[PDB]
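Protein chains in written order, with the authors' numbering: chain A, 33 to 738; chain X, 55 to 622; chain W, 36 to 54.
Data block below; observations after.
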Amino acid sequence: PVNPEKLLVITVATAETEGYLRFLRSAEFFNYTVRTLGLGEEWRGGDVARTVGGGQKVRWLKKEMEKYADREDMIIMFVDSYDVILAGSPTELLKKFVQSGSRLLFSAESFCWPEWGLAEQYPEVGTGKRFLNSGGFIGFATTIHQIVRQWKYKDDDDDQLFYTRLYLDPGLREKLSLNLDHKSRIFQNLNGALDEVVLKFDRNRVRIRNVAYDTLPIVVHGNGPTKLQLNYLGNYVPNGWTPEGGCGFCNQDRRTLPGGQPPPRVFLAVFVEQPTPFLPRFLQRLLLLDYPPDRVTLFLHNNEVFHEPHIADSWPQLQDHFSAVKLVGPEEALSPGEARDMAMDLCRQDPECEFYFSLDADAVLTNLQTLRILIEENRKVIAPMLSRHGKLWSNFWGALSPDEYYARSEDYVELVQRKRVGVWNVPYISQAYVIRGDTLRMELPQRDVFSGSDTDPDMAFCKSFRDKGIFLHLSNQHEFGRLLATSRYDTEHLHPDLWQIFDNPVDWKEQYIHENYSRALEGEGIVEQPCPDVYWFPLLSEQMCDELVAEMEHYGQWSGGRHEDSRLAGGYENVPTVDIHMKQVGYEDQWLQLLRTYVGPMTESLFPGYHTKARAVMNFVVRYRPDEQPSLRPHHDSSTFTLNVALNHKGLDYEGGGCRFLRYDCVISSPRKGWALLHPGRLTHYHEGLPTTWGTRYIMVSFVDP
Amino acid sequence: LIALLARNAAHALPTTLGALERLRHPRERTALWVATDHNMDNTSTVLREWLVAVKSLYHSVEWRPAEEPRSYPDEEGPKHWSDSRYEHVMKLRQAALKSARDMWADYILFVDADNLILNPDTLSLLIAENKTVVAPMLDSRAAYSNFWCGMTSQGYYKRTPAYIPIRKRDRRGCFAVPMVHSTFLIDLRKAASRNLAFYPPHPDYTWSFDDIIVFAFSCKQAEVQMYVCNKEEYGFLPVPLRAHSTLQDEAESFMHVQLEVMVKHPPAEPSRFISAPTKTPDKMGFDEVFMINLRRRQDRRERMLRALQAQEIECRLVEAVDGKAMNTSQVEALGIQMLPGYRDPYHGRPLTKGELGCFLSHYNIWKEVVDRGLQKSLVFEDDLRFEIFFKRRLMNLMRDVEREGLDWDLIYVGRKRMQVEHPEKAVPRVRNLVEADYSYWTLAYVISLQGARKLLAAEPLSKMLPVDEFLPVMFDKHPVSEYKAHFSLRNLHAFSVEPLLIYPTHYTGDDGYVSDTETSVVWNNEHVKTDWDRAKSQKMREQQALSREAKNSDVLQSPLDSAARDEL
Amino acid sequence: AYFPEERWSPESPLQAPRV
Ligand SMILES: O=c1ccn([C@@H]2O[C@H](COP(=O)(O)OP(=O)(O)O)[C@@H](O)[C@H]2O)c(=O)[nH]1
Ligand SMILES: *[C@@H]1O[C@H](CO)[C@@H](O)[C@H](O)[C@H]1NC(C)=O
Ligand SMILES: *[C@@H]1O[C@H](CO)[C@@H](O)[C@H](O)[C@H]1NC(C)=O
Ligand SMILES: O=C(O)CCC(=O)C(=O)O
Ligand SMILES: [Fe+2]
Ligand SMILES: [Mn+2]
């Protein structure tokens with residue numbers, strides 16, 4: 033029945049790092065009484081775990097212990113403060129200590145770090161660990177007083193070997209009742225026992241379990257090269273994310289931009305490389321962000337001569353928008369690492385940047401509030417969650433292989449599909465991030481972060497950030513955007529973007545398909561029935577029309593007109609037209625895909641009970657000119673129904689007429705640029721073409737389901 | 055509802071159905087949805103007979119036989135698991151789940167046709183745990199069992215530190231496990247059980263297309279934890295054979311399972327409503343099979359005779375001289391003389407009456423072997439266990455030894471190696487054979503007529519030792535040179551099989567361990583009785599010492615003795 | 036793949052009786 037108030041927590045930490053804050057949060061979760069030593073004092077040691085060290089905490093605790101040299105009734109425990117996260121309540125800890133009944137319990141470890149020779153001197157242990165680790169201990173104040181009063185060495189002396197030598201004395205160990213926790217009852221060192229720990233969820237809290245010994249530890253000390261694994265473990269224990277209650281320390285600690293002052297200055301950046309499709313859309317989208325232009329400093333670094341005309345066209349609009357606008361053209365012959373590094377240094381040497389916000393070329397931000405929410409988060413580093421459409425490829429990583437390469441974690445499939453929501457600790461981010469300026473200034477002062485080795489610049493950047501001890505958070509609470517596909521982007525066309533129908537269908541539809549199509553499909557009117565069994569619904573936007581006529585005029589070869597044919601297997605056209613079939617241009621497969629995806633459902637909803645697979649063999653674009661060819665004679669079409677789409681605006685470019693249904697006395701006189709005509713053409717509908725008078729007109733015709 | 059899918063299970067069905075019949079659950083509250091398909095044997099007929107006989111005892115029986123085809127065209131053999139077979143089995147399991155749902159039946163137990171559910175209370179015990187999915191832990195001759203404690207990411211076995219502590223029942227308890235298979239209960243009364251399916255894989259299912267993995271994913275997506283319970287010893291199952299294995303290998307594996315049952319339990323009695331196939335014992339091509347047994351021992355005698363009839367091994371019972379019942383005048387009339395200076399190396403005794411009786415029993419067997427001119431004879435002690443395929447593997451080895459010729463005298467088949475060091479030299483061109491070193495546990499060996507003649511010509515009666523001290527002397531492998539110095543003819547060509555086929559039934563210190571050889575009085579006097587000193591019994595089992603660096607890699611192994619699936 | 040998860044869920048309530 034030990035009272036909880038007799039236990040005092042003692043930790044040492046020179047500075048205040050994010051790890052120390054995490055430990056403080058974990059300790060405060062179970063109302064622990066923590067006293068910190070060496071707060072602000074210089075680290076008179078050296079490398080934390082490279083070869084040796086730890087000779088200053090002993091001196092500090094020897095100076096501290098003089099106040100409690102006689103407090104027998106008090107129980108004191110010491111522990112690291114940078115890679116330790118508490119998990120259990122004090123009551124169970126003191127209960128376990130009472131059950132052990134020793135005077136000083138040390139955390140046991142698997143290997144002998146400082147020396148190897150003294151291994152045989154250790155008393156034998158059945159199943160658990162045998163050696164001693166200096167990661168912490170629990171003991172009476174008099175006992176620790178006696179054991180550590182004997183310290184008289186240099187401040188740079190190693191620590192664990194002194195404890196090992198003191199423990200190895202048999203008589204003193206018997207007198208001091210020194211014991212080791214071999215079966216992981218209190219302390220669990222993640223080094224060497226990575227496979228003996230599993231996460232045991234609960235309702236409103238989380239814990240860890242040692243499967244090998246079937247016990248629940250209280251303190252975990254992820255020492256050694258296990259920073260990644262303990263950092264992963266810190267996402268849940270003890271209040272990270274439980275199924276009942278969402279996220280924990282994920283909603284508080286927000287700036288909320290109060291005061292009405294001009295919002296903190298932002299140094300935007302753009303790195304257009306590996307030529308990115310749909311560039312003009314992103315350049316246009318660069319303006320409509322929800323942040324005042326006077327507080328936005330742009331830096332557009334190009335690396336492609338191919339994309340030079342687009343940036344040149346867009347440049348004046350940006351120049352009028354932002355307070356400061358700069359360009360670095362492709363002629364500088366600058367590798368991406370240099371670009372990122374001098375952008376980083378340009379902000380780093382300008383005290384007026386407070387959040388250096390990179391944004392790569394292939395990251396479309398469909399949410400216009402990304403900057404506001406991310407800045408409100410006030411994380412040291414933070415990235416938004418973007419994933420390819422209908423895949424698993426995201427912009428972060430779960431865990432790193434021993435080769436420092438992409439492995440697969442366990443929760444990654446959860447996080448990519450938003451089954452879990454919060455702000456997650458992550459060992460690699462890219463393609464969009466928000467870094468705090470102070471971290472740039474007094475935390476990353478060296479210049480060479482992206483260059484300096486053979487590794488990729490991004491991996492080098494995250495590796496540099498990992499060793500310095502800086503967290504790389506990541507949030508996916510809302511929806512932020514999607515990553516484009518630049519695996520293959522041919523550029524041997526006037527508008528090579530038109531071939532991107534397979535690669536990025538959603539943005540292709542957004543740019544190209546007429547904006548009124550979806551509303552018409554879901555059934556709020558729009559579609560018209562000028563004559564029975566005839567329908568008028570808009571399909572294409574103006575960009576499709578103008579880029580298509582541009583491509584076809586680039587080809588230029590206007591074959592057709594003769595009553596015979598070689599493109600036809602039969603070799604005898606019922607009626608000839610001057611036409612360019614999609615087969616010779618190489619665009620036919622994309623057109624069949626478009627018919628399959630964006631026309632089929634329209635016809636199925638328009639004609640109930642009809643089922644289609646959208647097969648088309650003959651598809652072409654016909655030009656009507658008053659001098660080349662007149663309109664067609666009355667005839668019939670060799671297909672179930674015919675899709676008829678105009679390609680240029682009537683009046684502004686040409687004057688004429690549309691279709692003429694003989695059996696119904698129907699005349700179509702005003703074709704629209706972005707609309708399509710659907711009508712059966714086998715039996716019921718005898719149609720004739722009206723003659724063009726002035727100008728030149730283009731019409732797209734296809735025969736589906738022959 | 056008790057379900058059962060059976061294919062080519064005719065060797066196993068008689069004992070398994072009797073075990074199901076012995077379950078203490080009211081048959082008017084049970085059912086049956088037994089289906090059988092793609093049978094190459096008479097399984098459908100045996101099952102039809104049983105179901106016809108038991109039909110009036112159960113609430114209902116739904117029978118869906120398909121006698122043809124006997125195989126799929128995409129199958130390479132009876133043990134090949136093709137995708138078409140996996141798909142069909144998944145469809146069958148889905149249909150069984152549907153049948154279970156339509157009668158609103160309380161729970162479904164999918165018993166596999168090769169699972170021996172020997173504990174009659176298995177159902178009541180599993181029901182009392184009140185779990186949505188719970189499997190009885192089934193025991194097997196290996197680390198194999200009906201559950202996995204771990205999976206990496208593709209659904210393959212992943213060794214975990216929990217498996218061995220669970221497998222040995224050092225930790226008893228219902229344990230969360232990522233997979234249970236073969237035998238498991240689903241509670242259909244629990245609401246969450248409605249979303250489980252085996253036929254349509256989950257839309258998000260992206261793992262290997264395998265019937266046990268797909269169901270585990272469905273369980274995972276439904277948030278249904280599959281618990282495994284090992285609180286009791288529920289029963290036994292055979293180990294999955296290799297793909298190129300025959301139906302005979304499967305039948306022999308199941309027979310070995312029944313033999314292992316018979317090691318610690320009364321025999322699993324077959325159903326009285328099912329016939330039993332006639333066995334035709336043979337002597338496996340040996341000239342004689344001897345069985346040494348103490349007249350006072352009958353439990354072991356009966357067990358061994360049943361085990362031999364099980365393996366179709368003909369044997370001649372050989373009686374034995376009870377040296378403990380022997381008086382001095384009988385020993386003297388036989389001319390039995392102890393080797394001068396003989397002292398048991400572990401305790402400090404001259405000998406026991408039991409060791410004398412054993413020695414004289416072997417001497418009498420060797421004499422009969424010589425008098426009859428028996429070219430090859432097998433000698434058994436009564437507390438042996440069989441390796442898998444024992445008879446066929448031993449007959450193949452002996453046929454290879456004879457065909458390739460060998461002047462062998464005492465090829466050891468089962469022993470305790472006492473010299474634990476560098477490997478022994480493999481005999482060239484003879485597979486699975488090594489030169490024998492110093493050995494304890496002379497439980498059984500084959501001897502040739504030449505060896506028996508040499509042993510009789512050694513005149514061993516004037517220099518009596520225990521058989522396990524005499525034999526290493528006779529092959530010049532005895533470590534004590536003084537004992538060899540007591541003898542002159544040391545020309546036994548002794549070899550040993552590497553994969554021993556026989557082990558003790560009980561080791562020293564095992565529960566039920568009794569030694570009629572060690573617990574005997576001293577040859578002389580009657581007040582010097584030696585009790586078994588639990589502290590002094592030493593050679594309990596020469597196997598834990600063996601997990602050392604004895605190599606043994608270089609012996610030509612036989613294709614036999616191959617088993618396990620991805621759970622070992 | 037480090038630290039395999041143990042996501043438990045409370046059992047579902049019993050289904051309503053038939054009629
Ligand atoms: O900037 C500092 C100042 C002090 N320490 C101390 O270094 C000791 C060991 O470092 P860590 O536990 O981080 O490494 P390990 O040696 O356990 O792998 C701990 O007591 C910390 O208080 C540190 O890591 N970083
Ligand atoms: C907090 O913990 C203290 C000591 O650790 C204990 O005495 C007290 O009951 C706890 N109070 C709360 C808020 O639960
Ligand atoms: C789409 O339809 C709406 C309906 O009100 C109209 O306002 C808009 O101009 C249409 N878009 C076009 C014609 O591009
Ligand atoms: O060119 C064709 O034959 C089809 C076009 C046609 O007749 C029409 O536009 O109605
Ligand atoms: Fe037409
Ligand atoms: Mn540490």
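Note that CB positions come from ideal geometry on N, CA and C, so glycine has one too.
{"query": "Can you say whether residue 421(A) is buried or exposed, counting buried as having 16 or more other CB atoms within 10 angstroms of its CB?", "result": "exposed"}
{"query": "Over what stretch of residues does the beta strand (DSSP E) that includes residue 611(A) continue unbroken?", "result": "611-613"}
{"query": "Using the rule of at least 16 other Cβ atoms within 10 Å of the residue's Cβ for burial, across every protein chain shown, is residue 165(A) buried or exposed?", "result": "buried"}
{"query": "Shorter than 7 Å from the beta carbon of residue 480(X) to some beta carbon of chain A?", "result": "no"}
{"query": "When DSSP builds the beta bridges, which residues end up paired with residue 279(A)?", "result": "273(A)"}
{"query": "Using CA coordinates, which residue listed in 71(X), 424(X), 57(X) is at the minimum distance from residue 329(X)?", "result": "71(X)"}
{"query": "Mind listing, in chain order, the continuous alpha helix (DSSP H) runs of no fewer than 4 residues lying wholly within the stretch 317-375 of chain X?", "result": "353-364"}
{"query": "Determine, for residue 48(W), whether the minimum Cβ-Cβ distance to residues of chain X falls below 7 Å.", "result": "yes"}
{"query": "Which of the three DSSP states is assigned to residue 229(X) in this structure?", "result": "strand"}
{"query": "For residue 339(A), collect the residues of the same chain with a Cβ closer than 7 Å to its Cβ; drop the 5 residues on either side in sequence, then sort them by chain order.", "result": "304, 307, 311"}
{"query": "With 7 Å as the threshold, decide whether the Cβ of residue 243(X) is near any Cβ in chain W.", "result": "yes"}
{"query": "Determine the extent of the alpha helix (DSSP H) in which residue 104(X) is found, giving its start and end residues.", "result": "97-108"}
{"query": "Between the alpha carbons of residue 198(X) and residue 218(X), how many angstroms are there, rounded?", "result": "11 Å"}
{"query": "Entirely within the stretch 139-190 of chain X and at least 3 residues each: give me those beta strand (DSSP E) ranges in chain order.", "result": "162-166, 187-190"}
{"query": "Does residue 270(X) come within less than 7 Å of chain W when only Cβ atoms are used?", "result": "no"}
{"query": "May I ask you to list, following chain order, the residues of the stretch 433-454 of chain A that have a beta carbon less than 7 Å from some beta carbon of chain X?", "result": "440"}
{"query": "Grab me the residues of residue 235(A)'s own chain with a C-beta within less than 6 Å of its C-beta, minus the 5 sequence neighbours each way, in chain order.", "result": "276"}
{"query": "Leaving out five residues before and five after residue 107(X) in sequence, what residues of the same chain have Cβ atoms less than 7 Å from its Cβ?", "result": "327"}
{"query": "Interface residues of chain W around residue 232(A) at Cβ under 7 Å?", "result": "41"}
{"query": "Listing by chain order, which chain A residues have their CB less than 9 Å from the CB of residue 656(X)?", "result": "Coverage of chain X is limited to positions 55 through 622, which leaves residue 656(X) absent and any answer about it impossible."}
{"query": "Taking the alpha carbon of residue 64(X) as the reference point, which residue from 470(X), 381(X), 338(X), 301(X) has its own alpha carbon closest?", "result": "301(X)"}
{"query": "DSSP beta-bridge partners for residue 201(X)?", "result": "234(X)"}
{"query": "Hey, which unbroken runs of the beta strand (DSSP E) at 3 residues or more fall wholly within the stretch 471-523 of chain A?", "result": "505-507"}
{"query": "Specify which residues have a beta carbon nearer than 5 Å to any heavy atom of ligand 6, listing them in chain order.", "result": "112(A), 115(A), 255(A)"}
{"query": "At the 7 Å Cβ level, is residue 228(A) part of the contact set with chain X, yes or no?", "result": "yes"}
{"query": "Do residue 656(A) and residue 724(A) have their CB atoms nearer than 7 Å?", "result": "yes"}
{"query": "Report the three-state DSSP secondary structure of residue 594(X) (helix, strand or coil).", "result": "coil"}
{"query": "Taking a contact to mean a Cβ-Cβ separation below 7 Å, would you say residue 85(X) touches residue 113(X) in this structure?", "result": "yes"}
{"query": "Quick one: residues in its chain with C-beta nearer than 8 Å to the C-beta of residue 153(A), no 5 flanking neighbours on either side, listed in chain order?", "result": "200"}
{"query": "Give the C-beta separation of residue 247(A) and residue 217(A) to the nearest angstrom, bearing in mind that I take them to be a contact with Cβ-Cβ under 8 Å.", "result": "6 Å"}
{"query": "Let's see if you can read the secondary structure: which residues bound the beta strand (DSSP E) around residue 109(A)?", "result": "107-111"}
{"query": "State the DSSP-derived secondary structure class of residue 405(A), mapped to helix, strand or coil.", "result": "helix"}
{"query": "So, does the CB of residue 255(X) fall closer than 7 Å to a CB anywhere in chain A?", "result": "no"}
{"query": "Near ligand 7, which residues have their beta-carbon less than 5 Å from any of its heavy atoms, given in chain order?", "result": "Ligand 7 is not among the ligands present in this structure, which contains only ligand 1, ligand 2, ligand 3, ligand 4, ligand 5 and ligand 6."}
{"query": "Hey, quick one: how far does the alpha helix (DSSP H) through residue 425(X) stretch, first residue to last?", "result": "407-426"}
{"query": "For a contact meaning CB atoms closer than 7 Å, what does residue 243(A) contact in chain X?", "result": "214, 215, 216"}
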